[PDB]
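Visitor:
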Amino acid sequence: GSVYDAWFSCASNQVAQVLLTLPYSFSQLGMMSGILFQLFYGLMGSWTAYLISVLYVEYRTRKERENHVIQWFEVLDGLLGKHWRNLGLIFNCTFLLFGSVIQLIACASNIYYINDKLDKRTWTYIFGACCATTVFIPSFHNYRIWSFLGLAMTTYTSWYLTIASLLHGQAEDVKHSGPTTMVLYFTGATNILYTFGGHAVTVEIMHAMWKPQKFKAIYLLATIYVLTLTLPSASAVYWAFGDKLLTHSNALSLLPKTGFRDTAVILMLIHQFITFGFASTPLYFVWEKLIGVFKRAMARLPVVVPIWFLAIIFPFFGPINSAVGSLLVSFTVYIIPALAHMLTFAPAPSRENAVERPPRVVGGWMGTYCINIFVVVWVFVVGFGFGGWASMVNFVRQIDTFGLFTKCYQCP
Ligand SMILES: O=C(O)Cc1c[nH]c2ccccc12
């Protein structure tokens, strides 16, 4: 894969469905805090990808001096022993199970907005089967070169949301109460945390390059483009509708029904189904290996049954993003990538003999360790501590409001 091919991957593996939920998040944070968090986590999310990049280079160089595919649960094994391999494997697979569920919930939610004759829960049955057929495909890693399409699908939707909101225009009923409560505020901040970071598949992309060393720069440019997709779409939609978004998690529910809006759903539905096969093809690999194992394709289904159940019992499109973000992404994409870097380079011989030197601008090892400590401290307290509690108390509130196995979420 070429260097530019990866940039299409880091930009398509980024916001897929959360792009629709970001406007809902700002209604809980306010426009000011909303912009700052995306920039704040955008840089931290881009910084942790660098941490995953130096770790991968260190692993391969050590292993080459003493191969077809590498993954995160194996890089930790080589550097920090098998104890971290189990730690990384569980958190990644748990994030893929729920991360894959979010796609199924999003697909069912989006389709409802072009054909409302069937309720959203029923659409989870139809799309659940259309997402359970992923077991009948050997793998999607071989088709990671078509990521340029995913960027186009996300690019059009982001530019529609901002342009459509601006043309729609706000009205007298529109109000912007900003951070009304801490439960809502931290729930929104967790959606932005869930948005950025790398999504745990940042180590597989690097192995496809002719020169994996320069990935750290590519991701930063890939995150800068994402901010161009999220900052104007989320800021504009919030401006047009304001607090009305609080009861409308999906931005497409508020924008007027139009042929252009239909395109947003159709293009976005494809991008989420493919993103569903990208967040489940690793699950079908670990799962089959664990059980030892068309004789194989059908056997993958057991993994899908949890995806159906979670997607149907908790169709909470908006709040689920925060529930996954605070408990799993905060420990899978921010804290573990940061702890591993600190542990591996803790010994003096490893640090001095590091394959790649630390950045001069950051300030050498002293700067890198200080930043890594901040990442762990900030995400652990705000990302997991406050974010987890606020997300959970907001998540359970959905159960009271809409009930278990709700027929339809946040629809008229
Ligand atoms: O970032 C998101 O909205 C979710 C997402 C996009 N690509 C993914 C790959 C694996 C797991 C989750 C995601």
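Residue numbering for the sequence shown is 44 to 109, 115 to 341, 348 to 466, as defined by the deposited numbering.
A virtual CB, placed ideally from N, CA and C, is assigned to each residue, including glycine.
Quick one: Cα of residue 250 to Cα of residue 221, how far?
Guide: Taking the first residue of the sequence shown as 1, we reach residue 250 at position 202. Taking the first residue of the sequence shown as 1, we reach residue 221 at position 173. Whole-angstrom Cα-Cα distance: 44 angstroms.
Visitor: Using 8 angstroms for Cβ pairs, my map puts residue 329 next to residue 188. What's the rounded Cβ distance?
Guide: Mapped onto the sequence shown, residue 329 falls at position 281. Mapped onto the sequence shown, residue 188 falls at position 140. Confirmed, Cβ separation roughly 5 angstroms.
Visitor: Excluding sequence positions up to five away, which residues of its chain have a Cβ less than 8 angstroms from the Cβ of residue 308?
Guide: What you label residue 308 is simply residue 260 of the sequence shown in a count that begins at 1. These residues qualify, in order along the chain: 208, 212.
Visitor: Using CA atoms only, rank isn't needed, just tell me which of 369, 283, 91 is closest to residue 392.
Guide: Along the sequence shown, one-based indexing puts residue 392 at 338. Nearest of 369, 283, 91 to residue 392, Cα basis: 91.
Visitor: Helix or strand or just coil, what does DSSP make of residue 258?
Guide: Translated into positions along the sequence shown, residue 258 becomes position 210. Reduced to three states, the DSSP call for residue 258 is coil.
Visitor: Taking all protein chains shown into account, decide if residue 192 is buried (16 or more other Cβ within 10 angstroms of its Cβ) or exposed.
Guide: Stepping through the sequence shown from its first residue, residue 192 is reached at position 144. Residue 192 is buried by the Cβ-count criterion.
Visitor: Look at the alpha carbon of residue 247 and the alpha carbon of residue 99, and state the distance between them as a whole number of angstroms.
Guide: Sequence index remark: in the sequence shown, residue 247 carries index 199 (1-based). Sequence index remark: in the sequence shown, residue 99 carries index 56 (1-based). If I take the Cα positions, the gap works out to 16 angstroms.
Visitor: Check whether the stretch 357-365 touches the stretch 122-140, taking contact to mean three or more Cβ pairs, one atom from each stretch, closer than 8 angstroms.
Guide: The stretch 357-365, when compared against the stretch 122-140, does not touch it at the 8 angstroms Cβ threshold.
Visitor: Taking its Cβ as the centre, do 16 or more other Cβ atoms sit within 10 Å of residue 424, making it buried, or is it exposed?
Guide: Taking the sequence shown and counting its residues from 1, the one referred to as residue 424 is at position 370. With fewer than 16 Cβ atoms within 10 Å of its Cβ, residue 424 is classed as exposed.
Visitor: Buried or exposed for residue 459, going by 16 or more other Cβ atoms inside 10 Å?
Guide: Stepping through the sequence shown from its first residue, residue 459 is reached at position 405. The residue is exposed, with fewer than 16 neighbouring Cβ atoms inside 10 Å.
Visitor: Can you list, in chain order, the stretches of the alpha helix (DSSP H) that have 4 or more residues and sit fully within the stretch 186-262?
Guide: Entirely contained in the stretch 186-262, the alpha helix (DSSP H) runs reaching 4 residues are, in chain order, 195-216, 230-243, 250-254.
Visitor: What are the start and end residues of the alpha helix (DSSP H) that includes residue 326?
Guide: As a first step, residue 326 is located in the sequence shown; it is residue number 278 there, counting from the start. Where residue 326 is concerned, the enclosing alpha helix (DSSP H) stretches over 307-326.
Visitor: In whole angstroms, what is the alpha-carbon distance linking residue 162 and residue 323?
Guide: Against the sequence shown, residue 162 aligns to sequence position 114. Against the sequence shown, residue 323 aligns to sequence position 275. Looking at the two C-alpha atoms, the distance is approximately 20 angstroms.
Visitor: How about the stretch 380-396 and the stretch 359-369: do they share at least three Cβ pairs that are nearer than 8 angstroms?
Guide: The stretch 380-396 is not in contact with the stretch 359-369.
Visitor: Which of the three DSSP states, helix, strand or coil, is assigned to residue 411?
Guide: For the purposes of this step, residue 411 is taken as the residue at position 357 of the sequence shown. DSSP places residue 411 in coil when its eight states are reduced to three.
Visitor: Below 6 angstroms CB to CB, which residues in the same chain sit around residue 101 once its five sequence neighbours on both sides are set aside?
Guide: In the sequence shown, residue 101 corresponds to position 58, counting from 1. Closer than 6 angstroms at the Cβ level, and outside the excluded window around residue 101, lie 409.
Visitor: Does the stretch 53-72 come within contact of the stretch 293-304, defined as at least 3 CB pairs closer than 8 angstroms?
Guide: Yes, the stretch 53-72 is in contact with the stretch 293-304.
Visitor: Determine whether the beta carbon atoms of residue 378 and residue 234 lie at a separation below 7 angstroms.
Guide: In the sequence shown, residue 378 corresponds to position 324, counting from 1. In the sequence shown, residue 234 corresponds to position 186, counting from 1. It is not a contact, given that the beta carbons lie outside the stated cut-off.
Visitor: What residue range does the alpha helix (DSSP H) around residue 395 cover?
Guide: Locating residue 395 in the sequence shown gives position 341, counting from the first residue. Segment 390-398, the alpha helix (DSSP H) holding residue 395.
Visitor: Using 8 angstroms for Cβ pairs, my map puts residue 105 next to residue 129. What's the rounded Cβ distance?
Guide: As a first step, residue 105 must be located in the sequence shown, where it is residue number 62. As a first step, residue 129 must be located in the sequence shown, where it is residue number 81. 14 angstroms between Cβ atoms; not a contact.
Visitor: For residue 241 and residue 86, what's the separation of their Cα atoms in angstroms?
Guide: Here residue 241 is taken as the residue at index 193 of the sequence shown, counted from 1. Here residue 86 is taken as the residue at index 43 of the sequence shown, counted from 1. C-alpha separation (whole angstroms): 11 angstroms.
Visitor: Tell whether a beta-carbon distance below 7 angstroms holds between residue 376 and residue 445.
Guide: For the purposes of this step, residue 376 is identified with residue 322 of the sequence shown, where counting begins at 1. For the purposes of this step, residue 445 is identified with residue 391 of the sequence shown, where counting begins at 1. Yes. Within cutoff.
Visitor: Can you tell me where the alpha helix (DSSP H) holding residue 336 begins and where it ends?
Guide: What you label residue 336 is simply residue 288 of the sequence shown in a count that begins at 1. Segment 331-339, the alpha helix (DSSP H) holding residue 336.
Visitor: Using C-beta distances below 6 angstroms, list every residue in its chain close to residue 73, excluding the 5 sequence neighbours before and after it, in chain order.
Guide: Here residue 73 corresponds to residue number 30 of the sequence shown, with the count starting at 1. Counting only Cβ-Cβ distances below 6 angstroms, and skipping sequence neighbours, we find 226, 227.
Visitor: To the nearest angstrom, how far is the alpha carbon of residue 344 from that of residue 172?
Guide: In the structure shown, the chain runs from 341 directly to 348, leaving residue 344 without coordinates.
Visitor: Could you tell me which of 374, 183, 194 sits nearest to residue 336, measuring between CA atoms?
Guide: Here residue 336 refers to the residue found at position 288 of the sequence shown. The shortest Cα separation from residue 336 among 374, 183, 194 belongs to 183.
Visitor: Under 8 angstroms by Cβ, that's how I've got residue 168 and residue 157 pegged, so tell me the actual separation to the nearest angstrom.
Guide: Residue mapping note: residue 168 aligns to position 120 of the sequence shown, counting from 1. Residue mapping note: residue 157 aligns to position 109 of the sequence shown, counting from 1. Sure, about 6 angstroms apart at Cβ, within 8 angstroms.
Visitor: With 16 as the cutoff for other CB atoms within 10 Å, does residue 348 come out buried or exposed?
Guide: Residue mapping note: residue 348 aligns to position 294 of the sequence shown, counting from 1. So residue 348 ends up on the exposed side.
Visitor: Would you check if the distance between the CB atom of residue 96 and the CB atom of residue 263 is smaller than 7 angstroms?
Guide: Looking up residue 96 in the sequence shown gives position 53. Looking up residue 263 in the sequence shown gives position 215. Yes; because the gap between Cβ atoms is below 7 angstroms, this pair is in contact.
Visitor: With burial defined as no fewer than 16 other Cβ atoms inside 10 Å of the residue's Cβ, what is the status of residue 313: buried or exposed?
Guide: Sequence index remark: in the sequence shown, residue 313 carries index 265 (1-based). Buried, since its Cβ has 16 or more Cβ neighbours within 10 Å.
Visitor: Flag residue 59 as yes when its Cβ comes closer than 6 angstroms to any non-hydrogen atom of ligand 1, and as no otherwise.
Guide: As a working note, residue 59 is residue 16 in the sequence shown. For ligand 1, at least one heavy atom lies less than 6 angstroms from the Cβ of residue 59.
Visitor: Give the straight-line distance between the Cα atoms of residue 80 and residue 62, rounded to the nearest whole angstrom.
Guide: Locating residue 80 in the sequence shown gives position 37, counting from the first residue. Locating residue 62 in the sequence shown gives position 19, counting from the first residue. Straight-line Cα distance between these residues: approximately 15 angstroms.
Visitor: Can you look up residue 168 in the DSSP assignment and give me helix, strand or coil?
Guide: In the sequence shown, residue 168 corresponds to position 120, counting from 1. Residue state, collapsed to three classes: helix.
Visitor: In or out: residue 56 buried (at least 16 other Cβ within 10 Å) or exposed?
Guide: Numbered from 1 along the sequence shown, position 13 holds the residue referred to as residue 56. When all chains shown are included, residue 56 counts as buried.
Visitor: Could you give the distance in angstroms between the alpha-carbon of residue 295 and the alpha-carbon of residue 461?
Guide: One-based indexing of the sequence shown puts residue 295 at position 247. One-based indexing of the sequence shown puts residue 461 at position 407. Approximately 16 angstroms between the Cα atoms of the pair.
Visitor: Taking 6 angstroms as the cut-off, is the CB of residue 158 close to at least one heavy atom of ligand 1?
Guide: In the sequence shown, residue 158 corresponds to position 110, counting from 1. No - ligand 1 has no heavy atom lying nearer than 6 angstroms to the Cβ of residue 158.
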